[PDB]
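Scroll down for the structure; my scribbles are underneath it.
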Amino acid sequence: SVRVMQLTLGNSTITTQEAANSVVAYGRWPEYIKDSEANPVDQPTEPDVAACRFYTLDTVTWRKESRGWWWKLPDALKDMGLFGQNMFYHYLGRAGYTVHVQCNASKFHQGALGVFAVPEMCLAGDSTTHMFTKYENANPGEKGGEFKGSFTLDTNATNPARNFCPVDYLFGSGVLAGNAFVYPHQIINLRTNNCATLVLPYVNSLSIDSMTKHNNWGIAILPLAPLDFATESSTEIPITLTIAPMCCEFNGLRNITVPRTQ
Amino acid sequence: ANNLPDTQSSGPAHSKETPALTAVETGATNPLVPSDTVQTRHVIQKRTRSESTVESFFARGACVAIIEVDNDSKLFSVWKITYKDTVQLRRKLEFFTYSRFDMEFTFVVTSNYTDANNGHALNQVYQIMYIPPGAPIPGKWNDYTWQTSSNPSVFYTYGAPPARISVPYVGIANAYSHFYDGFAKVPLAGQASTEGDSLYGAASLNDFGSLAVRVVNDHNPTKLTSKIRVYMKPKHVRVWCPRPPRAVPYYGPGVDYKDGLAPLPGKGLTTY
Ligand SMILES: COc1ccc(OCc2ccc(COc3c(Cl)cccc3Cl)cc2)c(Cl)c1
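The structure is reproduced here in structure tokens:
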């Protein structure tokens, strides 16, 4: 039925008994580069089962006060097994994804989470200096980031944070959040479903790019209807994020990249 | 101006054929492609060399002269036709030894009052007369030579779109020579040193003649100056014998050099 599914990729399987169908972004399933759209001339590496499998990133907790969370792809998976290895050993890389967000509660809980997949999800910074966010802050990895309820300008001139300041109702980029529904999405309304499943093809203005310099997709999760339970002002339910890269192919092998951190 | 070949997929090798090894002493360049030294994938090539054709490389109007006339002998000026008065077009032409093409000349004319608060003049008309080598050159801005009964003239009204005319291939040889390793005279044994001496690399003393420019209106005591910028574009181009481009500053009409003889910067041998 629309509600029961099983996803198998490599050596990993995911089962769900409360789905609300699955979304295939823009109606496009991920695919490899065709010869007619090929650019780099060298033989690509395609790890296949070693990289195209389900990786579970860290679990976040939803509370009445949560504003939202965000992650960047392939960034969030840079340290994930052999996918991360191939990402850093190659100059160029390409991949699609199957994003599976998990969140179960009970029949006496309420709340709705909007799960959006955004191509080129550029976020707003914290200073008066334009495009000032530094690489280390823009790429948090598997832990991702969070949305805020208001904009707060960083004034420390001696030691600028050079970080993002994504305000939730402004979708972290100066647009109204209610219009974010034009992007592939699903809603995890506690009275209806457990999860949200989105299949994302590779989207870019090029056939292949640098995975370290460029993040193709952004995953934004916003509480559309806040978490509430029985009468417990105190309520916490975890949100686990499991993502699997698809049709990975890398070009331009050399020595490994070791990016600067923190 | 066409397509480039596709990249064919290439796998591993273990053979007695070694395209990587060669011997440049022969004077030939090793025609290798990526698949000769690495494993390649099949790529359908869609890039073309449409913009690097000899025609597209020269298909631009380049400035070759700025003729100036002061409508208060300066009432008229004469410019000896050449492409060596400027450096940009000259350097591009000199990538080749010989050339053959037609020419398109566009004239951009500007004028202004020298005085911010003095004088006035009605709209000016200019006459650009071509004086082929041999024809009488004007001595005054208004002598008989300006009747142009045979010389081609162009009358330009100030403010009108730039004037433009086309000239056929006018060389007396089968192609224009960008380089001429010789003289126009051979000094003979016995003659005075003053005799038989000529410039090295020069052909005719007057190759293509010159342009005589003047303002046709009667000059008013007002101080005015006009400038005619000449733009030339080679069209229907054919070129022969490539040469390395000019690396140091030009020093005259010849290949002479003097000043910027150290064009390259310093860089460590093992510095990326
Ligand atoms: C190798 O590169 C070359 C070769 C020959 C060249 O000049 C030959 C040449 C001969 C006659 C005329 C005369 O053209 C004109 C006429 Cl009819 C009427 C009005 C104005 C002009 Cl302008 C103009 C140029 C140049 Cl500029 C570059």
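The listed protein sequences correspond, in order, to chains F and R.
First residue of the first sequence: -17, per my numbering; consecutive thereafter.
First residue of the second sequence: 3, per my numbering; consecutive thereafter.
Each residue gets a CB set at the ideal place from its N, CA and C atoms; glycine is no exception.
Item: Rounded to whole angstroms, what's the CA-CA distance from residue 53 of chain R to residue 5 of chain R? Just pull it up for me.; Value: 12 Å
Item: What does residue 11 of chain F pair with, by DSSP beta-bridge criteria?; Value: DSSP, once it has assigned bridges, lists no residue as partnering residue 11 of chain F.
Item: Quick check: is any heavy atom of ligand 1 less than 8 Å from the C-beta of residue 83 of chain R?; Value: yes
Item: Could you give the C-beta distance for residue 251 of chain F and residue 124 of chain F, rounded to a whole number, given that I count them as a contact under 8 Å?; Value: Since the first residue shown for chain F is -17 and the last is 244, residue 251 of chain F is missing from the structure and cannot be characterised.
Item: Whether or not the segment 212 to 222 of chain F and the segment 84 to 93 of chain F are in contact is what I'm after, with contact meaning three or more pairs of Cβ atoms, one per stretch, closer than 8 Å; do they touch?; Value: yes
Item: Please go through the same chain and pick out, in chain order, the residues whose beta-carbon is closer than 7 Å to the beta-carbon of residue 106 of chain F, but skip the five residues on each side of it.; Value: 146, 147, 148, 154, 155 and 156
Item: Check whether the Cβ atoms of residue 167 of chain F and residue 180 of chain F lie closer than 9 Å to each other.; Value: yes
Item: If the cut is a Cβ gap below 9 Å, which residues of chain F does residue 43 of chain R touch?; Value: 15, 17, 20, 22, 23, 24, 25, 26 and 233
Item: Between residue 101 of chain R and ligand 1, is the CB less than 8 Å from at least one heavy atom?; Value: yes
Item: Drop a sphere of 10 angstroms on the beta-carbon of residue -5 of chain F, count the other beta-carbons inside from all chains shown, and report buried for 16 or more, exposed for fewer.; Value: exposed
Item: Using the rule of at least 16 other Cβ atoms within 10 Å of the residue's Cβ for burial, across every protein chain shown, is residue 149 of chain R buried or exposed?; Value: exposed
Item: Could you check if residue 240 of chain F is buried or exposed, using at least 16 other CB atoms within 10 Å of its CB as the buried criterion?; Value: exposed
Item: Would residue 265 of chain R pass as an interface residue toward chain F - the criterion being a Cβ-Cβ separation below 9 Å?; Value: no
Item: Comparing C-alpha positions only, which one of R:153, R:164, R:38 and R:160 sits nearest to residue 125 of chain R?; Value: R:160
Item: Return helix, strand or coil for residue 124 of chain R, following the three-state DSSP convention.; Value: coil
Item: Which of helix, strand or coil does DSSP assign to residue 231 of chain R?; Value: strand
Item: State the DSSP-derived secondary structure class of residue 65 of chain F, mapped to helix, strand or coil.; Value: helix
Item: For the segment 21 to 49 of chain R, enumerate the residues whose C-beta is nearer than 7 Å to any C-beta of chain F, in chain order.; Value: 36, 40, 41, 42, 43, 44, 45 and 46
Item: Cβ of residue 196 of chain F within 8 Å of any heavy atom in ligand 1?; Value: no
Item: With a cut-off of 9 Å, does the C-beta of residue 272 of chain R fall near any C-beta of chain A?; Value: Chain labels in this structure do not include chain A; the protein chains are F and R.
Item: Let's test the definition: count the other Cβ atoms within 10 Å of the Cβ of residue 54 of chain F and tell me whether it reaches 16, buried, or not, exposed.; Value: buried
Item: Report all residues from its chain with a CB closer than 7 Å to the CB of residue 123 of chain R; omit the five preceding and five following residues, and keep chain order.; Value: 222, 224 and 226
Item: Is residue 157 of chain R a contact residue of ligand 1, with contact defined as CB to any heavy atom under 8 Å?; Value: no
Item: Could you tell me if residue 15 of chain F is buried or exposed, where buried requires 16 or more neighbouring beta carbons within 10 angstroms of its beta carbon?; Value: buried
Item: Output yes if chain F places a C-beta closer than 9 Å to the C-beta of residue 228 of chain R; else output no.; Value: no
Item: Tell me the DSSP secondary structure of residue 92 of chain R in three-state form.; Value: helix
Item: Is it right to say residue 131 of chain R is buried, meaning 16 or more other beta carbons lie within 10 angstroms of its own, or is it exposed?; Value: buried
Item: Note down, in chain order, all residues in the segment 138 to 160 of chain R with a beta-carbon under 9 Å from any beta-carbon belonging to chain F.; Value: none
Item: Take residue 144 of chain F as the anchor and find which of F:115, F:-3 and F:29 has the nearest alpha-carbon.; Value: F:115
Item: Leaving out five residues on either side along the sequence, give the residues of the same chain with a beta carbon under 6 Å from the beta carbon of residue 85 of chain F.; Value: 170 and 221
Item: With a floor of 3 residues, list each beta strand (DSSP E) that falls wholly inside the segment 205 to 251 of chain R, ordered by position along the chain.; Value: 212 to 217 and 226 to 244
Item: Just tell me which of R:105, R:61 and R:116 has its CA closest to the CA of residue 72 of chain R.; Value: R:116
Item: Is residue 147 of chain R closer than 9 Å to residue 234 of chain R when the C-beta atoms are compared?; Value: no
Item: Just verifying my parser: in three-state terms, what is the DSSP assignment at residue 86 of chain F?; Value: coil
Item: Run through the DSSP bridge pairs and tell me what residue 115 of chain R is partnered with.; Value: R:226
Item: Per DSSP, residue 146 of chain F forms a beta bridge with which residues?; Value: F:107
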